[PDB]
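Enquirer: got the complex split up, this is the first portion:
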Amino acid sequence: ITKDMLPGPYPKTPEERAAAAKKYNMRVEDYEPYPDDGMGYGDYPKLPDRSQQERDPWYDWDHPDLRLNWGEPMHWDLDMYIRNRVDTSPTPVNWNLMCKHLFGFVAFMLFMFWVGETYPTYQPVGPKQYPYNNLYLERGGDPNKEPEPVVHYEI
Amino acid sequence: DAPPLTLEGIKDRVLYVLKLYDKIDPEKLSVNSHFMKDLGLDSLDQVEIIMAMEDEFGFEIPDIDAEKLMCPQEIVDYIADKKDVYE
Amino acid sequence: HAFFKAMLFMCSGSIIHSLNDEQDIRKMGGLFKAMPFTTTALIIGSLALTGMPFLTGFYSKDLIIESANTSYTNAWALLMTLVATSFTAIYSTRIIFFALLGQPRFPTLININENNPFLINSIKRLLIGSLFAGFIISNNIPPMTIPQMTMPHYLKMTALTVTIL
Amino acid sequence: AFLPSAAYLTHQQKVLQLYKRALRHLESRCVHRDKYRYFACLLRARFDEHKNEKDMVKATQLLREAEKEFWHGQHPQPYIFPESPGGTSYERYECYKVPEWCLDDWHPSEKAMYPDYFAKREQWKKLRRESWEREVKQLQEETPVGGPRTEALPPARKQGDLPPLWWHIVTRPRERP
Amino acid sequence: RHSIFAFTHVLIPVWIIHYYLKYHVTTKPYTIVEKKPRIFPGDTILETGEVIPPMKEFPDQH
Amino acid sequence: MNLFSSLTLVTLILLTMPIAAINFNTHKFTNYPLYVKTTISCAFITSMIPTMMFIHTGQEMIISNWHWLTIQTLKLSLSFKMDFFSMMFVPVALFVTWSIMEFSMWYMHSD
């Protein structure tokens, strides 16, 4: 390695842009660095921002695990777009329709759960009757305090 | 499990699948018979042949290798190289 | 559920291993006579899952839905539990129809074999479990809660009617 | 437009790949063989109707509308072969594909358990190290000015020599180690 | 050697941990605490011989 | 009392012993999966005995055998709870694991 192969400041002159494109091993027309807004990116190229799952899996890749070649410029977020991580594959259904359908499904069933909680179902019976003043001593009540007499009558 | 495949078995299977094709008469084709000139097939017929062998052998041939396969000996050699036969 | 679900996965693994590591149901079929023991055990497990009377699944699921019917519960949850029971029946017979019946769809080289003693013995033991263990456990356990037995006719036959539908 | 040997996909390869993908998705849509055969014959008619179209931009527009038609009605979960990428058995045995050079690090005590195999390995290494300079000189005298244009490698055009860069492709681990 | 597995895998650990429970766990208080056995009417206590009287005569319904 | 706790702890010890067996190997194990399967079957029988003990009598146990850590008011001790749930779950899980390991001995033969 040597000094003039490491990344540097943002290129301004077209000659510096061509030198940076030759350093990063691609065409000058395809070399688009990050905009110099002062975020610290520098002269690193702005790759088309897609995951490694969208690459060709049948190609003889140098690194078939990551689907990457040798000497090709890596993405700034290559650790995010590996196959172990976030995928940007084209879905058969549009994103907005999927999100709206899922939110409507969840919201509708939550609303119907609340409505059913408002109006419960039961069976036409009275309360269950337990003996000995509704089991006052068996519910952990103190034996000194005599409970209020609850009497259940035959029906 | 997974019985081994020999070159004779692969050639017999590819000749069987090609013989069960109505566009190819069985009395003229050979193992070194080209699809386009010797048998007068079509590109769509070549795709049908490739997917027939794919469904026969239970593994998928990529398109970049499927477009260059035009003769049964080439198919035998490709399947032999992929399945690592004759060890 | 542990009993019949373990045995169902065992049958599915036997079918997968007999079809050269294929886990897709769209490339199956015709295995009713190719693997008879796996067919029998899969049918028994699906019947026990759906709520076949007096199997393992009857002695737990039917009591569960009877207690859920005649209780002070949410109506919407009960309705969705009934719909989910119907859907369990639906996908169980979907597995039975696609994986086991119809016409063959696997590749031509047939290497179907299940006659090893280990697989046969394990499926046999889990089959005996999925036939009798629910009855044995339900007759052996002591009571802890009062079971519900006074229910109207339309609520008693609800699970069987929904499974049949 | 990502190919190992070529730089682009022509019209014919695009039509053939679209036909193959459409037939595979149609096979995934209808489970049974007879229904798939009927609809595959129907699709073959649909593709054969517009075969002899000499207008190039009309062929391009037919390709675009056929691609939109395929994207509109493809299966959400198409059938994938087990060894194909995205399959259930894809790259499963990569945990057993031990590279060959690990055999160079074996102890001499365990190297004596397979004498003849290691003798043949030594012969293979001698062949590779005696053909390496010849094949790199073949490569350096055949590559044009400005580097190679494509990734296609030249064969062995002489008698007694081997094709260049043959080691890591011949000695790759098997699919079932 | 047909009963090696029935001896070195069951009997020896049973001996070891029965010794451990009898002379080192039950020695310390409140280590092994057991639910009391169920007492039903009509039973007889083994400890002191008392008999639990039977229940009141049932008002039969069937 | 001296049979319930003894049989359940010897079930636990019998199940944990083949890990110590495989951790102290020098040669290649001769039919190690068969050894594990036999161990699990024996442990299933040894667990099935206190299950019918609980079915007959209704005995529940708490085995606080090893005093591990007293931190001010809190005391953490190795305590095992034998009740309805443990006694009706352990033989079922052991039977399922026995069948699963026989099936895996068939299925995972080539690995």
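Expert: Done, it's in. Numbers count the residues shown, from 1 in each chain, chains lettered A, B, ... in the order given.
Enquirer: For residue C:36, which residues are in contact?
Expert: Contacts here follow Cβ atoms under 8 Å, 6 or more residues apart in numbering or on different chains; on that basis residue C:36 touches nothing. For every residue, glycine as well, the C-beta is placed using N, CA and C.
Enquirer: What parts of chain C come near chain A?
Expert: Chain C has residues C:70, C:71, C:72, C:73, C:74, C:75, C:76, C:77, C:78, C:151 near chain A, with proximity defined as Cβ under 8 Å from any Cβ of the partner chain.
Enquirer: Going by distance to residue E:38, which of these wins?
Expert: The shortest approach to residue E:38 among those belongs to residue C:71, at 29.4 Å (Cβ to Cβ).
Enquirer: Could you grab the helix/strand/coil label for the closest one?
Expert: coil (DSSP: H, G, I helix; E, B strand; the rest coil).
Enquirer: number of nearby residues for it?
Expert: Look at residue C:71: counted by other Cβ atoms under 10 Å in any protein chain shown, it has 14 neighbours.
Enquirer: Residue A:83 belongs to a helix, doesn't it?
Expert: No - under the criterion used here (three-state DSSP), residue A:83 is coil, not part of a helix.
Enquirer: thinking it is in contact with residue A:54, fair?
Expert: No - taking contacts as Cβ atoms under 8 Å, residue A:83 lies outside contact range of residue A:54: 10.6 Å.
Enquirer: tally of neighbours for whatever residue of chain B ends up closest to chain E?
Expert: Going by Cβ to the nearest Cβ, chain E is nearest to residue B:1 of chain B, at 30.9 Å. Residue B:1: 11 surrounding residues under other Cβ under 10 Å.
Enquirer: Just list the residues touching the residue in chain E that chain B sits nearest to, thanks.
Expert: Proximity to chain B, evaluated over chain E using Cβ to the nearest Cβ, is greatest for residue E:5 at 30.9 Å. By Cβ under 8 Å, 6+ apart, residue E:5 lies in contact with F:38, F:42.
Enquirer: And it, how far from chain C?
Expert: Residue E:5 sits 19 Å away from chain C, going by Cβ to the nearest Cβ, to the nearest Å.
Enquirer: Which single residue of chain A ends up nearest chain B?
Expert: residue A:58 (4.1 Å).
Enquirer: Could you report the separation of that residue from chain E?
Expert: For residue A:58, the distance to chain E (Cβ to the nearest Cβ) stands at 53 Å.
Enquirer: same thing with residue C:5?
Expert: 31 Å.
Enquirer: Assign a three-state SS to that residue, would you?
Expert: Residue C:5 ends up helix, using three-state DSSP.
Enquirer: and then chain G:
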Amino acid sequence: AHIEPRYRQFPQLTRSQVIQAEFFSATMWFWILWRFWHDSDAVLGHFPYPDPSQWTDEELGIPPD
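Expert: Chain G added:
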């Protein structure tokens, strides 16, 4: 010894597995029929359900006025 694989024909079957499958299916159906014959109450219903509207007025303590 073992079962030789066959190409695009019906596979070779073992008599023992066919006998075992038929025996286990017969055992399942016999168990179901036997339990439905003997128990017969867990399916159709354990107890009759009286009509709440059929109860008479004087046994419910309804004061007539």
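Enquirer: once more on the contacts of residue C:36, with chain G this time?
Expert: G:13, G:17, G:18, G:21, G:22.
Enquirer: Show the buried residues in those.
Expert: Using 16 or more other Cβ atoms under 10 Å in any protein chain shown as the burial test, the contacts of residue C:36 include G:17, G:21 as buried.
Enquirer: Reformat the contacts of residue C:36 as a markdown table; add distance to chain B.
Expert: Listed next are the contacts of residue C:36 as a markdown table, based on distance: Cβ to the nearest Cβ, whole Å:
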| residue | distance to chain B |
| --- | --- |
| G:13 | 18 |
| G:17 | 18 |
| G:18 | 22 |
| G:21 | 22 |
| G:22 | 27 |
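Enquirer: So which of the contacts of residue C:36 are in helices?
Expert: Among the contacts of residue C:36, the residues falling in helices (DSSP state H) are G:17, G:18, G:21, G:22.
Enquirer: Would you mind stating the distance between the closest residue to chain F within chain E and chain D?
Expert: Per Cβ to the nearest Cβ, residue E:35 is where chain E lies closest to chain F, at 4.2 Å. Noted for residue E:35: a distance of 50 Å to chain D, by Cβ to the nearest Cβ.
Enquirer: Does residue B:5 touch residue B:85 like I think?
Expert: Yes - the criterion here is Cβ under 8 Å, and residue B:5 meets it with residue B:85 at 5.3 Å.
Enquirer: How about the residue of chain E closest to chain F: what's its closest non-neighbour residue?
Expert: Distance criterion Cβ to Cβ, 6 or more residues apart in numbering or on different chains; nearest residue to residue E:35, sequence neighbours excluded, is residue F:60 at 4.2 Å.
Enquirer: So residue B:73 belongs to a strand, correct?
Expert: No - assigned with three-state DSSP, residue B:73 falls outside any strand and is helix.
Enquirer: helix or strand for the closest residue to residue D:103 other than its chain neighbours, which one?
Expert: Leaving aside its chain neighbours, residue D:103 sits nearest to residue D:121 (6.7 Å; criterion: Cβ to Cβ, 6+ apart). In this structure, residue D:121 sits in helix D:115-142 according to DSSP states H and E.
Enquirer: ok, how many other residues are close to residue 118?
Expert: Going with chain A. When neighbours are counted by other Cβ under 10 Å, residue A:118 registers 9.
Enquirer: Can you look at chain D instead?
Expert: Residue D:118: 14 neighbours (other Cβ under 10 Å).
Enquirer: That one and chain C: what is the separation?
Expert: Going from residue D:118 to chain C by Cβ to the nearest Cβ gives 34 Å.
Enquirer: Please tell me I have it right and that residue contacts residue D:111.
Expert: Yes - between residue D:118 and residue D:111 a contact is recorded at 5.7 Å, counting by Cβ under 8 Å.
Enquirer: same structure, new chain, call it chain H:
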Amino acid sequence: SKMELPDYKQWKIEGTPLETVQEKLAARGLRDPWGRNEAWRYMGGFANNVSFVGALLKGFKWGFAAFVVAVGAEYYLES
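Expert: The block that follows adds chain H to the chains above:
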């Protein structure tokens, strides 16, 4: 090691729904050249598969016979 294959000439589509497909295509006007390749699935031992209700009723005859025998036996022993 050596797997011999059966004769190719027996694979005809007769008696199979592939002739129904052939009749539909011939009424429309096309050909189905791949019928003979898939003719093996519909003929031989894989033909005439059972229905779903016949699949659920596997072994019902012997089970019914055993149930009748056991009921008669318990009726004899209860007397």
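Enquirer: and the contacts of residue E:5, now that chain H is part of it?
Expert: F:38, F:42 are the contacts of residue E:5 under Cβ under 8 Å, 6+ apart.
Enquirer: on that earlier part again, tell me how far the helix holding residue D:121 is from the chain's mean position?
Expert: In terms of Cα atoms, centre = their mean, to the nearest Å, the centre of helix D:115-142 is set 26 Å apart from its chain centre.
Enquirer: Stretch C:76-89 too?
Expert: So, by Cα atoms, centre = their mean, the centroid of stretch C:76-89 is 16 Å from its chain's centroid.
Enquirer: residues of it that come out buried?
Expert: For stretch C:76-89, by 16+ other Cβ under 10 Å, it's C:76, C:77, C:78, C:80, C:81, C:82, C:85, C:86, C:88, C:89.
Enquirer: got the CA positions of it in PDB?
Expert: Taking Å, rounded to 0.1, in the frame of the first residue of the first chain, the C-alpha atoms of stretch C:76-89 are listed here in PDB:
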ATOM      1  CA  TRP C  76     -64.900 -12.300  19.300                       C
ATOM      2  CA  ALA C  77     -62.100 -14.500  20.700                       C
ATOM      3  CA  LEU C  78     -64.500 -17.500  20.800                       C
ATOM      4  CA  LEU C  79     -65.600 -16.900  17.200                       C
ATOM      5  CA  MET C  80     -62.000 -16.700  16.000                       C
ATOM      6  CA  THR C  81     -61.100 -19.800  18.000                       C
ATOM      7  CA  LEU C  82     -63.900 -21.700  16.100                       C
ATOM      8  CA  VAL C  83     -62.700 -20.200  12.800                       C
ATOM      9  CA  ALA C  84     -59.100 -21.300  13.600                       C
ATOM     10  CA  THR C  85     -60.400 -24.800  14.400                       C
ATOM     11  CA  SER C  86     -62.000 -24.900  11.000                       C
ATOM     12  CA  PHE C  87     -58.800 -23.700   9.400                       C
ATOM     13  CA  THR C  88     -56.700 -26.400  11.200                       C
ATOM     14  CA  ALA C  89     -59.000 -29.000   9.700                       C
END
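Enquirer: ok, that stretch near chain H or not?
Expert: No - shown here: stretch C:76-89 not in contact with chain H (Cβ under 8 Å from any Cβ), separated by at least 12.3 Å.
Enquirer: Which residues does that stretch contact?
Expert: Against stretch C:76-89 from outside (Cβ under 8 Å, 6+ apart): A:112-113, A:115-116, A:121, C:49-51, C:61, C:65, C:68-69, C:158-159, C:162-163, C:165.
Enquirer: Now which of these would you call buried?
Expert: A:112, A:116, A:121, C:49-51, C:61, C:65, C:68-69, C:158-159, C:162-163.
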